[PDB]
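# no FASTA, just this:
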């Protein structure tokens, strides 16, 4: 369904770095940071 279509807020995307850690990028304002929106955003 649409669960795999939206893990993060609209515009946000998770990417894995060589070290194996996931960083999150906001395509909206082009903001990239190390956080876990899933632990804060109750979607």
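The structure has been received and is ready for your questions. Numbers count the residues shown, from 1 in each chain.

# Just want the phi and psi numbers for residue 39.
phi -90, psi -10 (degrees, to the nearest 10).

# Give me the neighbour count for it.
7 (other C-beta atoms under 10 Å). The C-beta positions use only the backbone N, C-alpha and C, and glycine is treated the same way.

# Starting from residue 18, give me the distance back to it.
23 Å (C-beta to C-beta, to the nearest Å).

# same question, residue 1
For residue 1, the distance to residue 18 - C-beta to C-beta - is 32 Å.

# One more: residue 10?
The gap separating residue 10 from residue 18 is 27 Å, by C-beta to C-beta.

# And these two? Which one has more around it.
Taking other C-beta under 10 Å, residue 10 and residue 18 do not tie; residue 10 has more neighbours (9 against 5).

# Next, please give the residue ranges for the strands of this structure.
Taking DSSP state E, the strands of the chain run over residues 12-16, 22-26, 31-33.

# Output the ones you listed as TSV; include the columns distance to residue 5.
As requested, those are arranged in TSV below (distance: least, C-beta to C-beta, whole Å):
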stretch	distance to residue 5
strand 12-16	12
strand 22-26	17
strand 31-33	21
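
# right, so those: which one is the most enclosed?
Neighbour counts (mean count of other C-beta atoms under 10 Å) averaged over each of the strands of the chain peak at strand 22-26, with a mean of 15.
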